[PDB]
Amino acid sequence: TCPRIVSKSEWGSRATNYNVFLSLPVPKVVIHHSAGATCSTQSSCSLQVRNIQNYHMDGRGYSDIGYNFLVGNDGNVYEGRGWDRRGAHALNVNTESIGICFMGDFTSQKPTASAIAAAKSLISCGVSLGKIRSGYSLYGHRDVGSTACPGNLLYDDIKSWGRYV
């Protein structure tokens, strides 16, 4: 029931050495969006992940891509920092959350149903592993921190997801 996850090596992540850990199991799950390009192919989504990684490391000086996981409109999940490591994404809920980023801009378009589905089964996977508390809370990125955002179709959707807060 876990979704197939494209590992770092499978999307060609470059070599990192970020080794700051979350205290498992994690209470919160935050949902983000790249506010960028979408992608419908595994190879084209893989490129996008690499582009984002490079932006974060070369552009912003992060020690790795900032999100724990990314989701493509191809329906796939891509590993970033993964289950055990701490994001740079959301402040200061980085310290106790998994960040899941949908690759796209969702102000006038909705993510693909398979992209939505992969995220949910990813969350369910983490719970079943005990990476995430069974009674987790779910937030959009605007919910958690003091950041303004425009009307967004992704964040409308996550309201109907279980455990939304």
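Residue positions are given as counts along the sequence shown, with the first one as 1.
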query	finding
Entry-level comparison of average CA B-factors, 146-154 and 10-18, reporting the higher stretch	146-154
Mean C-alpha temperature factor, higher of 84-92 and 71-79	84-92
Selection from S134, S121, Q53, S137 [criterion: highest C-alpha temperature factor in the record]	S134
Ranked against its chain, the third holding the CA B-factor of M103	lowest
CA B-factor ranking of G61, expressed as a third of its chain	middle
For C45, the third of its chain into which the C-alpha B factor falls	middle
Chain-relative CA temperature factor third for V127	lowest
Entry-reported Cα temperature factor of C39, expressed as the chain third it lands in	highest
